[PDB]
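For reference, the structure is listed below as structure tokens.
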Amino acid sequence: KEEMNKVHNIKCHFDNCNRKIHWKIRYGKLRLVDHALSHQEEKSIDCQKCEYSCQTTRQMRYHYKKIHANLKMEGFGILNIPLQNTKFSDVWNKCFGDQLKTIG
DNA sequence: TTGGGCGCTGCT
DNA sequence: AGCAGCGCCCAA
Ligand SMILES: [Zn+2]
Ligand SMILES: [Zn+2]
């Protein structure tokens with residue numbers, strides 16, 4: 001539980017990003033996945049109610065709040081997102097590849 | 001207006 | 001462990 005709550009700065013190595021995500025194991029990987037998806041041109045997150053699509057689950061959460069105000073957004077975990085493919089594996093590697101021992 | 005992401009955590 | 005969500009400060 002201690003090692004659960006330790007801050008690990010995860011550095012994004014995408015060209016001229018170099019942002020540091022102040023991550024914790026407790027948070028899970030969603031904010032890291034979303035950050036990598038933001039560096040990719042594809043809009044692989046699809047709304048469950050309308051035609052909208054976007055890059056990140058954070059974008060989709062904003063979409064639901066504004067367009068689907070009375071509806072819960074559901075099914076947008078890393079296990080629901082199409083991640084097991086080469087395009088995403090490549091972008092994840094570019095951003096965080098040297099830090100996968102810490103991420104898992 | 002959009003929304004990154006900090007910090008949160010109910011739940012499995 | 002860590003998923004899969006959320007409130008909200010502030011310019012990512
Ligand atoms: Zn980055
Ligand atoms: Zn929609």
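Chain letters run A, B, ... following the sequence lines, proteins first, then strands; residues in each count from 1.
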Of the candidate nucleotides [options], which contains the atom at the shortest distance from the side chain of [X]?
X     : options             : value
A:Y62 : B:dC6, C:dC3, B:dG3 : B:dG3
A:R61 : B:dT2, C:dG7, C:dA4 : C:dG7
A:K66 : C:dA4, B:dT1, B:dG5 : B:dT1
A:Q59 : B:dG4, C:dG7, C:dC3 : B:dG4
A:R26 : C:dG5, B:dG4, C:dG2 : C:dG2
A:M4  : C:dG5, C:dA1, C:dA4 : C:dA1
A:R31 : B:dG4, C:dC3, B:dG7 : B:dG7

- Query: The sugar of C:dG5: north or south, by the sign of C1'-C2'-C3'-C4'?
  - Reply: north
For the pair made of [atom1] in [X] and [atom2] in [N], what is the distance, rounded to whole Å?
X      : N      : atom1 : atom2 : result
A:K6   : C:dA1  : NZ    : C1'   : 17 Å
A:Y27  : B:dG7  : OH    : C1'   : 5 Å
A:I25  : B:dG7  : CD1   : P     : 16 Å
A:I103 : C:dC3  : CD1   : P     : 11 Å
A:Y64  : C:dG7  : OH    : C1'   : 19 Å
A:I10  : C:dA12 : CD1   : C1'   : 18 Å
A:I78  : C:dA1  : CD1   : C1'   : 12 Å
A:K65  : C:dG5  : NZ    : P     : 14 Å

- Query: At under 4.0 Å between heavy atoms, what does A:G104 touch on the DNA or RNA strands: base, sugar-phosphate, or nothing?
  - Reply: nothing
- How far does the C1' atom of C:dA12 sit from the matching atom of C:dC8, given to the nearest Å? 14 Å
- Under the side-chain contact (heavy atoms from CB on, under 4.5 Å) criterion, do A:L32 and A:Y27 qualify, and how do the steps go? CA-CA 10 Å; A:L32 306 177; A:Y27 300 164; over 6 Å; no
- Query: Partner of C:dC8 by Watson-Crick or G-U wobble geometry, both contacts under 3.5 Å, or none?
  - Reply: B:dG5
- Query: Mind checking whether A:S44 and A:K87 have side chains closer than 4.5 Å, heavy atoms only?
  - Reply: no
- Query: Mapping A:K29 and A:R19 onto DNA chain C by nearest heavy atom, which one lands closer to the 5' end?
  - Reply: A:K29
Given [N], is OP1 or OP2 found less than 4.0 Å from the side-chain N or O atoms of [X]?
X     : N     : answer
A:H35 : B:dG5 : yes
A:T56 : B:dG4 : yes
A:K72 : C:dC6 : yes

- Assign each of A:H22 and A:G28 to its nearest nucleotide of DNA chain B by heavy atoms, then name whichever residue's nucleotide is nearer the 5' end. A:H22
Which pair of heavy atoms, one from [X] and one from [Y], lies closest together, and at what distance?
X     : Y     : result
A:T57 : A:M73 : O-CE, 3.6 Å
A:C54 : A:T56 : SG-O, 3.4 Å
A:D46 : A:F76 : O-CE2, 3.2 Å

- Message: Please report the interatomic distance NZ(A:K43) to OH(A:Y52), rounded to the nearest 0.5 Å.
- Response: 7.5 Å
